[PDB]
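**Q** So that we are looking at the same thing, I have put the structure below in structure tokens.
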Amino acid sequence: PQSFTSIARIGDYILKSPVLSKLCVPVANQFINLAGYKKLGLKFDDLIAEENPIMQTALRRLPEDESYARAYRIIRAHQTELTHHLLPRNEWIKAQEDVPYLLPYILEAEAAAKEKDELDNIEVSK
Amino acid sequence: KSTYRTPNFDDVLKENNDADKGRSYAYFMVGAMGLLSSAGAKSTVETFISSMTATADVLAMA
Amino acid sequence: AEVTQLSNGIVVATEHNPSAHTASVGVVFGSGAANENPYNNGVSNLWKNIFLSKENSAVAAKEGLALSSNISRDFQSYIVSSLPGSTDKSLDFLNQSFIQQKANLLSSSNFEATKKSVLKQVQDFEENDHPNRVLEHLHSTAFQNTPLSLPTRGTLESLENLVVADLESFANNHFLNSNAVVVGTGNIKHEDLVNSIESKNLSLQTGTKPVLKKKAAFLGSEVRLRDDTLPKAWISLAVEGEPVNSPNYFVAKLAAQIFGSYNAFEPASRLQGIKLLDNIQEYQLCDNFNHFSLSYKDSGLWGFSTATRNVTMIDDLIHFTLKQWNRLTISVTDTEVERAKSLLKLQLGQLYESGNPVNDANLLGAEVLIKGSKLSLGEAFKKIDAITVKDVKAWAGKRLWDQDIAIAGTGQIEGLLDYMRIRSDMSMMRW
Amino acid sequence: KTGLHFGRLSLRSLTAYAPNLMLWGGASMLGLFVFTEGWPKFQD
Amino acid sequence: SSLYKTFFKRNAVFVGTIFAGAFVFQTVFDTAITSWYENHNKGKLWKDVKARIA
Ligand SMILES: CCCCCCCCCCCCCCC(=O)O[C@H](COC(=O)CCCCCCCCCCCC)COP(=O)(O)O
Ligand SMILES: CCCCCCCCCCCCCCC(=O)O[C@H](COC(=O)CCCCCCCCCCCC)COP(=O)(O)O
């Protein structure tokens with residue numbers, strides 16, 4: 001519902017401020033560790049809801065070696081959930097592996113859909 | 001024979017086509033039907049709805 | 001750029017271009033396929049191939065000349081081309097072979113060989129050329145029992161009954177001085193042409209042509225030629241349009257430019273500013289389409305043609321196209337009109353300013369025969385620029401909203417619904 | 001220029017539709033015009 | 001001519017007039033039949049009886 005262009009605009013404003021990045025960034029690190037998706041072997045970009053045309057475009061353009069690895073992490077998380085267990089601690093996702101791999105493909109598809117919408121409902125002047 | 005030759009349609013064609021008069025009479029008859037069907041459906045619902053108001057023996061003890 | 005019309009008994013029109021490297025000289029007659037009857041249909045197409053026959057082309061080729069000919073519904077032309085220093089030889093060839101002697105061309109050995117070659121061309125047209133023969137069938141159903149319905153090539157049934165005496169009877173009625181214009185295009189000056197004609201005393205024949213009695217009239221109809229062994233479906237659809245000398249002639253051409261043409265396999269064709277392309281590309285409803293606005297001396301046709309491999313969704317393709325035509329009466333925007341103005345000026349400028357003097361000779365002679373003069377491209381651009389949105393809405397309320405249509409189709413057309421389902425889409429029951 | 005495209009509620013198309021919503025909001029206010037008169041009530 | 005132009009073309013005014021003409025239709029139809037029905041049965045109604053049982 002909220003676009004990723006809007007999320008990146010608010011988030012990059014905080015990260016450039018030296019006083020706002022001392023307050024919010026320690027709170028965001030505690031929020032992610034309490035969420036617990038890394039103990040099931042998932043990255044955050046695996047959790048994005050995909051039933052919309054922007055996300056279907058970005059998933060088509062992903063390189064195929066990363067698409068095979070994403071499918072294994074989702075399947076392993078479903079099997080761990082039905083057994084009501086967690087993964088062994090040496091199989092958890094580390095923080096330096098929790099990178100936004102899908103975010104540049106999403107932002108490129110959002111900018112192209114915005115430019116098409118502006119050209120389709122447009123004014124002229126002599 | 002040749003498919004470019006159109007068969008005879010002359011016993012049903014009008015002597016003058018005059019597109020403003022043929023569309024005007026057909027839309028008069030369709031418009032009169034929607035006029036009478038709406039007035040008929042309205043009185044039908046009001047007959048069923050008014051049967052739930054107070055009966056004649058209830059009003060006599062008012 | 002200037003045209004010059006002069007009459008001395010013979011109407012002579014020129015269009016001088018001193019940058020061109022060839023010249024072109026011919027004669028255009030003011031009769032076409034709409035001046036024939038259903039029994040001599042194809043007599044104009046036979047006269048073209050007599051002029052382009054092998055012995056006539058060989059006499060021209062030893063001089064350095066080339067020959068062209070064109071048959072339309074309102075006119076026909078016979079054109080000789082040469083280098084700019086030999087326009088006197090090309091005007092001599094038009095005098096000997098076509099005006100004075102015609103018993104050389106109409107010999108029995110030449111007539112039977114030409115009639116065999118024409119019958120093979122018409123047979124291969126009716127079996128293989130599916131977009132152009134659907135458009136020919138659209139003319140015959142929209143103007144049935146009326147001179148504007150006859151095909152320009154003729155039919156196979158009418159061509160085999162033609163003899164030599166049928167061609168001489170057509171030439172005595174139509175190849176006249178009061179029906180003709182002598183044209184000259186390319187690198188040729190106007191006063192050099194009128195002094196070469198006046199150094200002789202050319203005259204075809206004195207008198208006027210016959211007058212037909214039935215005028216053209218549009219009739220809402222359809223014709224279906226179903227063929228399940230063909231791989232596609234081909235459909236044309238039109239309303240009654242504008243004739244030549246109409247005050248709404250340029251407004252009708254701009255309305256067709258709004259919807260335009262499309263090719264699903266060209267990547268730049270998929271990015272055009274046409275709102276109809278949003279519905280079509282979602283489920284791939286067709287392979288190509290094109291919109292047209294044709295004009296004749298008495299009537300015209302406005303509509304589109306299309307070709308499709310998606311044979312189970314034909315009804316969605318017709319429905320989406322006709323709902324966009326409703327917007328020309330109701331809600332056409334100002335940015336769509338400005339886009340169509342620039343593209344109509346580019347299309348008209350490419351038609352009249354190509355580098356082919358044979359194309360210029362056909363366009364110049366056909367316009368002088370009807371109007372008596374020629375409208376310049378500078379004056380046509382100023383009429384296009386003055387069209388407003390209110391001009392478009394007033395034209396479409398008269399010609400498009402709740403009007404009769406004509407349909408033609410061939411191939412796998414089972415999914416094409418019947419007439420009254422398509423006729424009811426010419427209005428919205430919203431406004 | 002261009003402005004707020006409203007998603008699909010294009011305003012360039014609102015008052016290209018809405019002058020006949022004085023009669024489209026007036027066709028169902030022409031509707032209860034009919035369907036409310038089996039019992040006495042008056043309202044202008 | 002243009003009898004179609006507003007009387008049936010504008011279908012905010014058509015569905016509107018399909019509903020508009022049906023409301024004045026109910027009172028003029030009910031007045032005409034009741035007047036015909038009572039004149040056909042004159043001398044038999046209670047109002048024609050009360051006028052001379054008085
Ligand atoms: C289940 C089997 C069917 C049984 C018959 C049930 C009849 C109820 C359906 C109404 C039929 C007309 C549909 C109107 C329509 O949408 O056509 C509309 C056209 O409507 C108009 O333009 C004028 C309104 C037509 C008034 C017809 C009055 C009939 C009133 C019904 C009578 C009481 C039942 C679309 O049809 P089109 O595509 O041919 O244009
Ligand atoms: C569900 C009921 C359907 C009844 C089928 C028809 C059989 C005739 C019996 C009618 C009895 C009810 C009306 C009595 C009456 O007093 O009315 C009369 C006559 O008007 C009519 O109802 C005749 C029209 C019948 C319906 C026409 C199609 C309308 C579209 C379908 C309606 C469903 C929404 C009005 O007189 P009133 O206003 O003083 O009461």
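Identifiers in the structure tokens: chain A, B, ... in order shown; residue index from 1 per chain; ligand index from 1 in order shown.
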Counting only C-alpha atoms and all ligand atoms, what are the residues of chain C within 10 Å of ligand 1, and for each of them which pair of atoms is the nearest and at what distance in Å, to one decimal? Sort the table by chain and rising number, as a tab-separated table.
**A**
residue	atom	partner	partner_atom_place_in_ligand_line	distance
C:420	CA	ligand 1	39 (O)	7.4
C:421	CA	ligand 1	38 (O)	6.4
C:422	CA	ligand 1	38 (O)	8.6
C:423	CA	ligand 1	39 (O)	8.6
C:424	CA	ligand 1	40 (O)	5.1
C:425	CA	ligand 1	38 (O)	7.0
C:426	CA	ligand 1	40 (O)	9.4
C:427	CA	ligand 1	40 (O)	8.1
C:428	CA	ligand 1	40 (O)	8.1
C:429	CA	ligand 1	22 (O)	6.1
C:430	CA	ligand 1	22 (O)	9.7
**Q** Atoms to include: N, CA and C atoms. Write the selected residues as a PDB file, in the first residue's frame.
**A**
ATOM      1  N   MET C 420     -26.992  -7.151 -34.686  1.00  0.00           N
ATOM      2  CA  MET C 420     -27.630  -6.268 -33.714  1.00  0.00           C
ATOM      3  C   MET C 420     -26.834  -6.133 -32.424  1.00  0.00           C
ATOM      4  N   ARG C 421     -26.000  -7.119 -32.087  1.00  0.00           N
ATOM      5  CA  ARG C 421     -25.101  -6.963 -30.949  1.00  0.00           C
ATOM      6  C   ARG C 421     -24.004  -5.947 -31.238  1.00  0.00           C
ATOM      7  N   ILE C 422     -23.566  -5.850 -32.493  1.00  0.00           N
ATOM      8  CA  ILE C 422     -22.530  -4.894 -32.868  1.00  0.00           C
ATOM      9  C   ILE C 422     -23.132  -3.515 -33.121  1.00  0.00           C
ATOM     10  N   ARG C 423     -24.355  -3.471 -33.657  1.00  0.00           N
ATOM     11  CA  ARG C 423     -25.035  -2.208 -33.934  1.00  0.00           C
ATOM     12  C   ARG C 423     -25.385  -1.458 -32.653  1.00  0.00           C
ATOM     13  N   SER C 424     -25.672  -2.177 -31.569  1.00  0.00           N
ATOM     14  CA  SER C 424     -26.031  -1.538 -30.311  1.00  0.00           C
ATOM     15  C   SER C 424     -24.836  -0.943 -29.579  1.00  0.00           C
ATOM     16  N   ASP C 425     -23.612  -1.280 -29.977  1.00  0.00           N
ATOM     17  CA  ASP C 425     -22.419  -0.690 -29.386  1.00  0.00           C
ATOM     18  C   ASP C 425     -22.063   0.665 -29.984  1.00  0.00           C
ATOM     19  N   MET C 426     -22.840   1.164 -30.944  1.00  0.00           N
ATOM     20  CA  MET C 426     -22.609   2.484 -31.515  1.00  0.00           C
ATOM     21  C   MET C 426     -23.162   3.608 -30.650  1.00  0.00           C
ATOM     22  N   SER C 427     -23.855   3.284 -29.562  1.00  0.00           N
ATOM     23  CA  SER C 427     -24.211   4.245 -28.533  1.00  0.00           C
ATOM     24  C   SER C 427     -23.877   3.669 -27.170  1.00  0.00           C
ATOM     25  N   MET C 428     -23.650   4.563 -26.221  1.00  0.00           N
ATOM     26  CA  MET C 428     -23.719   4.218 -24.813  1.00  0.00           C
ATOM     27  C   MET C 428     -25.100   4.572 -24.287  1.00  0.00           C
ATOM     28  N   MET C 429     -25.632   3.710 -23.427  1.00  0.00           N
ATOM     29  CA  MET C 429     -26.828   4.077 -22.679  1.00  0.00           C
ATOM     30  C   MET C 429     -26.489   4.792 -21.374  1.00  0.00           C
ATOM     31  N   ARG C 430     -25.374   5.518 -21.357  1.00  0.00           N
ATOM     32  CA  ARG C 430     -24.958   6.399 -20.280  1.00  0.00           C
ATOM     33  C   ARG C 430     -25.268   7.857 -20.617  1.00  0.00           C
TER      34      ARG C 430
END
**Q** Per residue of region 13-34 of chain E within 7 Å of region 27-39 of chain B, which atom pair is closest and at what distance in Å (one decimal), using only C-alpha atoms, listed by chain and increasing number, as a Markdown table?
**A**
| residue | atom | partner | partner_atom | distance |
| --- | --- | --- | --- | --- |
| E:18 | CA | B:35 | CA | 4.8 |
| E:19 | CA | B:35 | CA | 6.6 |
| E:21 | CA | B:35 | CA | 6.9 |
| E:22 | CA | B:39 | CA | 5.4 |
**Q** Please, which residues in chain D fall within 12 Å of ligand 2 when counting only C-alpha atoms and all ligand atoms, and what is the closest atom pair and distance in Å to one decimal for each, ordered by chain then residue number, as CSV?
**A**
residue,atom,partner,partner_atom_place_in_ligand_line,distance
D:34,CA,ligand 2,38 (O),11.8
D:35,CA,ligand 2,34 (C),11.2
D:37,CA,ligand 2,38 (O),10.0
D:38,CA,ligand 2,38 (O),8.3
D:39,CA,ligand 2,38 (O),11.7
**Q** As a ChimeraX atom specification, could you give me every residue of chain E near chain C (at most 7 Å apart, counting only C-alpha atoms)?
**A** /E:9-12
**Q** Between CA of residue 265 (chain C) and CA of residue 323 (chain C), what is the spacing in Å?
**A**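 Value for the CA of residue 323 (chain C)-CA of residue 265 (chain C) distance: 24.7 Å.
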